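Data block below; observations after.
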2 protein chains.
Amino acid sequence: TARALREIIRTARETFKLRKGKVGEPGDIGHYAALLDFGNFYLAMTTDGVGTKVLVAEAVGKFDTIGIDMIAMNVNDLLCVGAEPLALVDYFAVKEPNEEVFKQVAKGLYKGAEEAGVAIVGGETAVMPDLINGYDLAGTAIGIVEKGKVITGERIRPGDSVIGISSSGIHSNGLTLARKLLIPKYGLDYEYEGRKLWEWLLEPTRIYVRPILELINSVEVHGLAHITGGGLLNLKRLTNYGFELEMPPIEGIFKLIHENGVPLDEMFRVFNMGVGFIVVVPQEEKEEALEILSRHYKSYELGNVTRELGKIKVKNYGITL
Amino acid sequence: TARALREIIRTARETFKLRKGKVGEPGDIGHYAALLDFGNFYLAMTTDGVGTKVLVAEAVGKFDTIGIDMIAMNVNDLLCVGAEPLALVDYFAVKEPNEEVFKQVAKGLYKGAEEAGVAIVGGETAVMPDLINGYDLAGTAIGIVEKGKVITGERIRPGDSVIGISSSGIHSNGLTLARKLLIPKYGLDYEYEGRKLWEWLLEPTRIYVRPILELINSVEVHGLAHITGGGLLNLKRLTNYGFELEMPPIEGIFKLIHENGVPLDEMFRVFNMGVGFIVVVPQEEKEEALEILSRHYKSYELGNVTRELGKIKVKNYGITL
C-alpha cells in the first residue's frame, strides 16, 4: 500500500512548485494534514473516511453514528498540526439512494459537527452499485493555524512526556480484522461484558477538539498524534526519537479480539488499544497537561521520549514496535 | 437521490451557526462550491468523484487519465463561483494496493494538476476489498475568490448571451447509462468512427481553467456553469430566468447512445451532449467572449437568457427542460 502509493506521493510532490510564491503554496511541514501558506496563517487540509465499519452498520441497520466517525476522523487529524477545525465536506459513495439510510446518517453528521465545532458546507453523493458494496462515507476538513504555532513534532526531544487520551472504543481502524474474526463465530448479537458485539463495533469515534484546543492554548506542546491506521506506529510520523510507554490494560473489544488469537504485537499495530490520541509535552507541563485533558476524558501518563531512536517499547507488555 | 439527500442538506445548513461571526463562516452564496468567509477573500471548496468510468479504465489496464477526470471535475466546479483553483486532496478507495494501477493513476494526476495549475497536497488511500469492487477516485479542491468578485448568477438578465465551450466527450456523467446500454450490446472493442467503445467512454474530462480565468479577467461575466450531473438542468442553479438555446449537432458517443433508444429530453438532462461548460455574458460582450474562449477550445454561441422563467428551450431539437 505504501509502496504502491510511492508514485502518487512522488508526482504529487512535483505539483508543489505549481503554487510556489503564490497564495496556496504548501508549507510542506508536518503530517496528518496538508498546510497551505496564506501569509499570516496556514490552512490545514485533511481527508479521511469511516472505513469498513459501515459494513457492520448496514448489517444491523444502525447508521445514525457513522457520520460522527467521519467527522471525528477528519477533525482529529486536523488537530495534529495544531489547527482549529472550521469546515468539512462529505463524500458519500453508495450502492443505492435509500432514504432511511440517508436520514439516519444525517443525525450523526449534525451531532459530530456540533461537538467538533465545524460547519458541514457541502458534499457529493454518488450512486454506484457496480463499484460500492454498501455506504462508503468519507470527507475532507479544513482548519486554520497561525504561523509559528504549527505543531508538527519537530520540537519533540528526548525526555519529553508522552500522555494518552482514552479512546471511546474501536474507533474506525481494525474493523476488517474484527469483522472477519468475530462475526462468523459469534454473530453480531453475541453479548460480551454487557454489550452486544455490534454495539462494541459501532461505538462512535471520540472527538478530541475541545481538550486539544484547550491544551495547546495553555501549555507548550511538542507533538500531537491521532491513533488511526497502524495504531501506535503513528507516533513514528511525529519524530525519529524513540518512545518508552506503559499502555493501559486490555479491556472491552480489544480483550475479546486478543482472546480470539490476535497476538499483542499485531494488536498494537492495528487497534488503538484504548488510547485514541497521544500528546507530547515538555516534562514541566506534564501535570497541567494531565489536568486539562482529564477534565474531558480519562487520560494516562504513558511514558517518555527517549534518546534511543525509532523504537516504541511498550514496557508492561514486553513489545517493541 | 435528492429526496434522500434532503435530510443531509437540512442538517448541514443547521451547522452554519457554529461558524457564525468567525473565520470560515459559510458565505452561503453561489452553487457549485461552498464559500468560506476569510475577510478580504472567500475560500471556495468543492467535492467531486470520477464515477463508474473507473470500471472501463480497469478493464483495459489504463488508469493513466482517471486522475485528470477527478481534477477536472473539481476545478471546473470551482470556476463556477469565479474562484481560481489552488490545491486538491484525493480520496482513493480501492480493492487492492495494486502498484500498477497506482503508478498509472499518478501519471494523470500530475498532468491534470499541471493543466489546472493546482497543487496536489495530500490524500487518503483506503484499501477495502469487501466494500469496493474496483478503484473509486474522488477529491476535494479549494480555490480563492476576492470579496465582490463572486460570480453567483444573480447578475444574469434577460437578453444576456449564452456561450458554450465544447466538451472533450462524455466527461464523467452518464457513464452508468452508457455502460449498461452499449457494452453488452456492442462489446468494449466495438469500433465507432475509428475509435473503440472503451476509448469513447474513457476520454478524459476537459479542464476549463485557463479559458475561464482569462474570460473573467477581460469581460464582465454574469454566470458560469460546469455541465455535470443533470446536463443542461445545471443552468437552473444560476438563475430563475429562462434560456433559449440551439445545441450543437449530436455526434460521437452521444449519437451512438441516441441511436440506441434514449430519448432526447433525457439525454440533455444526463449527458453534456458536446457542451462541457456554459458562460453567460452581456450581449454586447458576446464577440469578445467567443474570441477569448475560442483561443482554447471550439466554442459556440448557444442563445440568450429569456423571460420564460424556469424553462430551458432547446429550440433546434424541439425539447423544453
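Every chain in the C-alpha cells has a letter given in the order shown (A, B, ...), and although residue numbers restart at 1 in each chain, ligands are simply numbered from 1 in the order shown.
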Proximity of chain B to chain A: per-residue shortest pair, 7 Å limit, only C-alpha atoms, as a Markdown table:
```
| residue | atom | partner | partner_atom | distance |
| --- | --- | --- | --- | --- |
| B:1 | CA | A:97 | CA | 5.3 |
| B:4 | CA | A:99 | CA | 4.2 |
| B:5 | CA | A:102 | CA | 6.5 |
| B:7 | CA | A:103 | CA | 5.5 |
| B:8 | CA | A:106 | CA | 4.8 |
| B:11 | CA | A:110 | CA | 6.0 |
| B:12 | CA | A:120 | CA | 5.1 |
| B:15 | CA | A:119 | CA | 4.8 |
| B:16 | CA | A:119 | CA | 5.1 |
| B:18 | CA | A:117 | CA | 5.9 |
| B:19 | CA | A:119 | CA | 6.5 |
| B:24 | CA | A:86 | CA | 5.9 |
| B:26 | CA | A:121 | CA | 6.8 |
| B:34 | CA | A:121 | CA | 5.9 |
| B:47 | CA | A:123 | CA | 5.7 |
| B:48 | CA | A:124 | CA | 6.1 |
| B:52 | CA | A:128 | CA | 6.8 |
| B:86 | CA | A:24 | CA | 5.7 |
| B:87 | CA | A:24 | CA | 6.8 |
| B:91 | CA | A:47 | CA | 6.7 |
| B:97 | CA | A:1 | CA | 4.7 |
| B:98 | CA | A:4 | CA | 6.1 |
| B:99 | CA | A:4 | CA | 4.1 |
| B:102 | CA | A:4 | CA | 5.8 |
| B:103 | CA | A:7 | CA | 5.5 |
| B:106 | CA | A:8 | CA | 4.7 |
| B:110 | CA | A:11 | CA | 6.0 |
| B:113 | CA | A:15 | CA | 6.7 |
| B:114 | CA | A:15 | CA | 6.9 |
| B:117 | CA | A:18 | CA | 6.0 |
| B:118 | CA | A:18 | CA | 6.2 |
| B:119 | CA | A:15 | CA | 5.0 |
| B:120 | CA | A:12 | CA | 5.2 |
| B:121 | CA | A:34 | CA | 6.0 |
| B:122 | CA | A:34 | CA | 6.1 |
| B:123 | CA | A:47 | CA | 5.9 |
| B:124 | CA | A:47 | CA | 5.9 |
| B:128 | CA | A:52 | CA | 6.7 |
| B:131 | CA | A:133 | CA | 4.8 |
| B:132 | CA | A:132 | CA | 4.9 |
| B:133 | CA | A:131 | CA | 5.0 |
| B:134 | CA | A:131 | CA | 6.1 |
| B:140 | CA | A:140 | CA | 6.8 |
```
Looking only at the backbone, which of the residues in region 176-237 of chain A does DSSP tag as helix (DSSP H, G or I), as a ChimeraX atom specification?
/A:176-186,197-202,209-216,231-237
Q: If you run DSSP over the backbone, which residues in region 52-236 of chain B end up strand (DSSP E)? Put them as a PyMOL selection string.
A: chain B and resi 84-94+119-127+135-146+161-166+191-192+195-196+223-226
From the list B:258, B:311, B:298, B:237, the nearest residue to residue 168 (chain B) using only C-alpha atoms is B:298
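Distances here use only C-alpha atoms; by that measure, the residue among A:246, A:284, A:69, A:64 closest to residue 205 (chain A) is A:69.
Note that the spacing between CA of residue 60 (chain A) and CA of residue 256 (chain A) amounts to 20.0 Å.
Within 12 Å of residue 217 (chain B) there are residues 82, 83, 84, 149, 210, 211, 212, 213, 221, 289 and 292 of chain B, counting only C-alpha atoms and ignoring same-chain residues fewer than 4 positions away.
Using only C-alpha atoms, the residues found no farther than 7 Å from residue 279 (chain A), other than those of its own chain fewer than 5 positions away, are residues 162, 163, 164, 223, 224 and 225 of chain A.
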Closest-contact table, region 164-269 of chain B side, partner region 318-321 of chain B, 10 Å, counting only C-alpha atoms, as CSV:
```
residue,atom,partner,partner_atom,distance
B:232,CA,B:321,CA,8.1
B:233,CA,B:321,CA,7.2
B:236,CA,B:321,CA,9.8
B:242,CA,B:321,CA,9.9
B:243,CA,B:321,CA,9.6
B:244,CA,B:320,CA,9.2
B:245,CA,B:320,CA,9.9
B:246,CA,B:318,CA,9.9
B:264,CA,B:319,CA,7.5
B:265,CA,B:319,CA,6.0
B:266,CA,B:321,CA,9.2
B:268,CA,B:321,CA,8.4
B:269,CA,B:321,CA,8.0
```
Item checked: Contacts of residue 274 (chain B) within 9 Å, only C-alpha atoms, excl. fewer than 4 positions in-chain, as a PyMOL selection string -> chain B and resi 165-170+247-252+254
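Computed from the coordinates, the CA of residue 293 (chain B) to CA of residue 157 (chain B) distance equals 21.2 Å.
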